[PDB]
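Residue numbers (the authors' numbering), protein chains in the order written: chain A, 474 to 521; chain B, 474 to 521; chain C, 330 to 377; chain D, 142 to 425. Built from N, CA and C at the ideal position, the CB exists for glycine as well.
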Amino acid sequence: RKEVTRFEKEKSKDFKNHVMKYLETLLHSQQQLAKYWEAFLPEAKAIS
Amino acid sequence: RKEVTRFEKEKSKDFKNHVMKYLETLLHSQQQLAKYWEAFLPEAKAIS
Amino acid sequence: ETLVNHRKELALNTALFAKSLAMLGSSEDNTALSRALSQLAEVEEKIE
Amino acid sequence: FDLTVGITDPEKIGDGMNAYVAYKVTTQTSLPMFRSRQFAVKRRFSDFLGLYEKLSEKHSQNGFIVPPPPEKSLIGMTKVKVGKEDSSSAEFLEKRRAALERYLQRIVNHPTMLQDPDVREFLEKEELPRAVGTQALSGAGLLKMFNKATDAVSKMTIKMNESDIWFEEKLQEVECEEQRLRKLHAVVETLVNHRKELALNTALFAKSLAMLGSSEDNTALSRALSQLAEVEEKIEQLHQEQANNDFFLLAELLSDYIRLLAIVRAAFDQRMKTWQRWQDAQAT
Numbered sequence: 474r475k476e477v478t479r480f481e482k483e484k485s486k487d488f489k490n491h492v493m494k495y496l497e498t499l500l501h502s503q504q505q506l507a508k509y510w511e512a513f514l515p516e517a518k519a520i521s
Numbered sequence: 474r475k476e477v478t479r480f481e482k483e484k485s486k487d488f489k490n491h492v493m494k495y496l497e498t499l500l501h502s503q504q505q506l507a508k509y510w511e512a513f514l515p516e517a518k519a520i521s
Numbered sequence: 330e331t332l333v334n335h336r337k338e339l340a341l342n343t344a345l346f347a348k349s350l351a352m353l354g355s356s357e358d359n360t361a362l363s364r365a366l367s368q369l370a371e372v373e374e375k376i377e
Numbered sequence: 142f143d144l145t146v147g148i149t150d151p152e153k154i155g156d157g158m159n160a161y162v163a164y165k166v167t168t169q170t171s172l173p174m175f176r177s178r179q180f181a182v183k184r185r186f187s188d189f190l191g192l193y194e195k196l197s198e199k200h201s202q203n204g205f206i207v208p209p210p211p212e213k214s215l216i217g218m219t220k221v222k223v224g225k226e227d228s229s230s231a232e233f234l235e236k237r238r239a240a241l242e243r244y245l246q247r248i249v250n251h252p253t254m255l256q257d258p259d260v261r262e263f264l265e266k267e268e269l270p271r272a273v274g275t276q277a278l279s280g281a282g283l284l285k286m287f288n289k290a291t292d293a294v295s296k297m298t299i300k301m302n303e304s305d306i307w308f309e310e311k312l313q314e315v316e317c318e319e320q321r322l323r324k325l326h327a328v329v330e331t332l333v334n335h336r337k338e339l340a341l342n343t344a345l346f347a348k349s350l351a352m353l354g355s356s357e358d359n360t361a362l363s364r365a366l367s368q369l370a371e372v373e374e375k376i377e378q379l380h381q382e383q384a385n386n387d388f389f390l391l392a393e394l395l396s397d398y399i400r401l402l403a404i405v406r407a408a409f410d411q412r413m414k415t416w417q418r419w420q421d422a423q424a425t
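Next comes the structure, spelled out in structure tokens:
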């Protein structure tokens with residue numbers, strides 16, 4: 474039962490792994506995506 | 474041949490239709506996408 | 330038109346992903362994960 | 142944290158299919174049960190998973206706690222439905238590194254059972270076994286399959302207790318959980334298959350943009366080609382790297398989680414067997 478408490482702690486840990494997954498997902502998605510948005514709109518002022 | 478010149482003009486027109494397609498694509502993609510970015514990051518300061 | 334067919338099971342696949350988020354977010358008390366469900370399902374539907 | 146390690150250099154041990162790759166493992170661990178703060182061990186897998194099975198039978202006889210799997214080989218062409226080696230070539234070795242990092246963290250999690258120093262010195266030294274690690278001697282599991290018939294008639298006399306009245310809610314709960322996660326595993330890997338023809342379809346779209354942008358002088362369209370093909374490839378590699386790496390990692394996570402569930406099923410099955418041992422002992 475103490476080991477059961479331990480693997481609900483790793484339930485918290487791998488749920489936290491999905492939490493940090495969506496953390497880096499929102500992070501790299503936003504920074505890379507909006508980075509080439511703000512880098513490719515000033516060339517798309519009028520140049521395709 | 475004058476009709477040929479006319480349908481190269483509509484070649485210009487439907488190429489312009491794809492041009493205005495990517496124009497509205499970049500427009501609505503950027504404004505809607507970055508709109509819920511700037512509307513969902515201030516709630517994701519720390520609230521998931 | 331193969332992509333037009335492709336996107337339909339894309340959308341059903343990611344919609345059932347959001348539904349499975351709503352499923353597997355049960356039987357747990359990490360309520361930040363519950364808000365993550367309630368925000369991720371709807372932004373997935375926006376992308377959809 | 143005190144566990145600071147580094148695992149590099151997937152060095153092969155010659156030619157074959159799914160046998161042995163050496164690992165340069167540098168360990169800079171604190172907590173002076175680790176000897177001298179600077180070790181660099183060369184460890185070959187598919188050799189200490191037999192040590193892990195000695196650990197498995199050990200905690201079967203004494204009720205200890207083992208960590209996540211030190212995943213072995215003989216998996217690319219056998220026992221897996223299926224596995225690919227070009228994707229394995231460094232990356233499933235990194236998945237071995239992930240399972241080994243969880244191995245390290247949970248072997249620190251039992252610190253008194255971490256002070257079974259024989260296996261700790263086995264891990265932090267080099268005395269590597271030979272290449273005979275591909276055989277089948279699972280006759281113990283065969284005898285478990287034989288004793289399953291006695292299990293099926295004694296399980297009610299097991300169920301008359303009180304601790305399983307605390308436990309069986311977790312049993313039915315983890316049954317519906319394992320059903321819905323094996324279904325979600327399958328649909329996740331269906332998306333992992335889906336994204337490949339997604340990426341090929343949109344890449345051939347960019348190539349067809351480059352095709353049909355010929356035979357025309359509307360040079361803004363040519364710049365549109367030259368910008369759209371590369372931003373399509375950016376989107377391609379972006380959702381491609383997400384769509385494989387985290388999906389198949391969460392899949393390995395649930396997979397060896399199911400392995401942990403099966404071995405704790407076997408753990409209270411051993412508790413059941415020792416239960417009926419003292420039961421017919423006091424009867425006779």
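Residue i burial status per 10 Å Cβ neighbour count (16 or more: buried)
i, result
"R184 (chain D)", "buried"
"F308 (chain D)", "exposed"
"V294 (chain D)", "exposed"
"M301 (chain D)", "exposed"
"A327 (chain D)", "exposed"
"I376 (chain C)", "exposed"
"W510 (chain A)", "buried"
"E330 (chain D)", "exposed"
"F233 (chain D)", "buried"
"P270 (chain D)", "exposed"
"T145 (chain D)", "exposed"
"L339 (chain D)", "buried"
"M174 (chain D)", "exposed"
Helix, strand or coil at residue i [DSSP, three-state]
i, result
"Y164 (chain D)", "strand"
"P258 (chain D)", "helix"
"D487 (chain A)", "helix"
"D292 (chain D)", "helix"
"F142 (chain D)", "coil"
"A365 (chain C)", "helix"
"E497 (chain A)", "helix"
"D387 (chain D)", "helix"
"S502 (chain B)", "helix"
"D397 (chain D)", "helix"
"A519 (chain B)", "coil"
"residue 456 (chain D)", "Limits of chain D in this structure are 142 at one end and 425 at the other, which puts residue 456 (chain D) out of reach."
"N334 (chain C)", "helix"
"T343 (chain C)", "helix"
"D305 (chain D)", "helix"
"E373 (chain D)", "helix"
"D421 (chain D)", "helix"
"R474 (chain A)", "coil"
"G282 (chain D)", "helix"
"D410 (chain D)", "helix"
"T415 (chain D)", "helix"
"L402 (chain D)", "helix"
"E357 (chain D)", "coil"
"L350 (chain C)", "helix"
"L514 (chain B)", "coil"
CB contact check: residue i to chain F, cutoff 9 Å
i, result
"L369 (chain C)", "Absence of chain F from the displayed structure is noted, the protein chains being A, B, C and D."
Any non-hydrogen atom of the ligand COA closer than 8 Å to residue i Cβ
i, result
"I404 (chain D)", "The model depicted lacks the ligand COA and carries no ligand whatsoever."
Checklist entry - When you check each C-beta in the region 340-367 of chain C against every C-beta of chain D, which residues fall closer than 9 Å? => result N342, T343, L345, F346, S349, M352, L353 and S356
Checklist entry - Are at least three pairs of beta-carbons, each pair with one atom in the region 261-276 of chain D and one in the region 185-192 of chain D, less than 8 Å apart? => result yes
Item to check | In chain order, each beta strand (DSSP E) run of at least 3 residues that lies wholly inside the region 145-198 of chain D | outcome: 146-153, 162-168 and 180-185
Next on the checklist: Under 9 Å, CB to CB, which of the residues in the region 474-495 of chain A have a partner in chain C?
Outcome noted: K484, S485, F488, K489, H491, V492 and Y495
Item to check | Unbroken stretches of the alpha helix (DSSP H), 4 residues or longer, contained in the region 192-277 of chain D | outcome: 234-250, 252-255 and 258-264
Checklist entry - How about the region 272-287 of chain D and the region 235-243 of chain D: do they share at least three Cβ pairs that are nearer than 8 Å? => result no
Checklist entry - Between the region 205-214 of chain D and the region 338-345 of chain C, do at least 3 Cβ pairs fall closer than 8 Å? => result no
Next on the checklist: Is it the case that the region 393-410 of chain D contacts the region 330-339 of chain C, given that we only count it when at least three CB pairs across the two stretches are under 8 Å?
Outcome noted: no
Checklist entry - Between the region 150-165 of chain D and the region 354-370 of chain C, do three or more beta carbon pairs fall short of 8 Å? => result no
Next on the checklist: Does the contact criterion of 3 or more C-beta pairs under 8 Å hold for the region 350-367 of chain C versus the region 481-489 of chain A?
Outcome noted: yes
Item to check | Cβ-based contacts, 8 Å cut-off: residues of the region 375-401 of chain D near chain C | outcome: none
Next on the checklist: Along the region 501-518 of chain B, where does the CB come closer than 8 Å to a CB of chain A? Name the residues.
Outcome noted: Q503, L506, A507, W510, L514 and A517
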